[PDB]
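Student: Residue numbers (the entry's author numbering), protein chains in the order written: chain H, 0 to 8; chain E, 389 to 550, 560 to 600. Note that the Cβ used here is the ideal one computed from N, Cα and C, for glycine as well.
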Amino acid sequence: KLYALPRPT
Amino acid sequence: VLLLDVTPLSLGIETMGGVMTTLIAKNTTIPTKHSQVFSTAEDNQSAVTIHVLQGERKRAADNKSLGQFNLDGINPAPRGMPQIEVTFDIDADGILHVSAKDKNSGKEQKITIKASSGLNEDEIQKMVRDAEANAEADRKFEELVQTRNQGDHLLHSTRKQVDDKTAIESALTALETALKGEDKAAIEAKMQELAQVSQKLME
């Protein structure tokens, strides 16, 4: 597996 | 030993859609060190946000925050391409050090969090009795965000493969207006449709 983040504020 | 020191709760980071994705399981013995590679949620993402969370519940917002920090400078690049190594270390003193590194740029940042932070006993009892209480509950938000994230990538990854158009665009707004929903099979249904006005761009 592999997970994604978001962009900051 | 009758006794031992453990980090009392799940600890991890937040990921796309607002789930908690953990790095170090509750009741894991410490010092314990863990690493997990993350990537980027949208294309040409230049910066990311590493948020440290304490608690067991699927929704980030429901877990205790310990801190956050940015990792900047990442090359703009297709989602999933950048390899972002996230590492948790809890040393002896229970001092918690998180660090995120861009394998590409080699840009790196770190946060140092205090032993005394997080949840307290009362809080940690309620976290858990809260957790399994909403078991089903949270396995639900799980597949939801799974699917939003999926339909989101499309919303995105379709929008640029394009009159079966006036139509695709239609879907696109049936998909967008569903992603925002808490009905999975809906979103996914709507996905299903896009899945079949768009063939004639694959054809």
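Please confirm whether E:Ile512 and E:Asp490 have their CB atoms less than 7 Å apart.
Tutor: Cβ atoms of E:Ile512 and E:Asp490: not closer than 7 Å.
Student: Distance, Cα to Cα, E:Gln593 vs E:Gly539?
Tutor: Answer to the nearest angstrom: the Cα atoms are 14 Å apart.
Student: Name the chain H residues whose beta carbon is nearer than 7 Å to that of E:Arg467?
Tutor: Chain H residues near E:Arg467: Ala3.
Student: Identify which residue in E:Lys446, E:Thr563, E:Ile472, E:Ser567 has its Cα closest to the Cα of residue 556 of chain E.
Tutor: As shown, the structure holds no coordinates for residue 556 of chain E; chain E passes over it, running from 550 to 560.
Student: For the 8 Å Cβ check, are there 3 or more pairs between the region 464-471 of chain E and the region 412-420 of chain E?
Tutor: Short answer: they don't touch.
Student: So, helix, strand or coil for E:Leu542, using DSSP?
Tutor: Helix at E:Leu542.
Student: List the residues that DSSP assigns as beta-bridge partners of E:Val436.
Tutor: Its beta-bridge partners are E:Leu459.
Student: Name the residue from E:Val389, E:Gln433, E:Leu390 whose alpha carbon lies nearest to the alpha carbon of H:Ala3.
Tutor: That would be E:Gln433, whose Cα lies nearest to the Cα of H:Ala3.
Student: Could you name the residues of chain H that E:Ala448 contacts, counting a contact when the two beta carbons are closer than 9 Å?
Tutor: Per Cβ cutoff of 9 Å: no residues; E:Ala448 is ~11 Å from chain H at best.
Student: Measure the CB-CB distance between E:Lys495 and E:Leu532 and report whether it falls below 7 Å.
Tutor: No. Outside cutoff.
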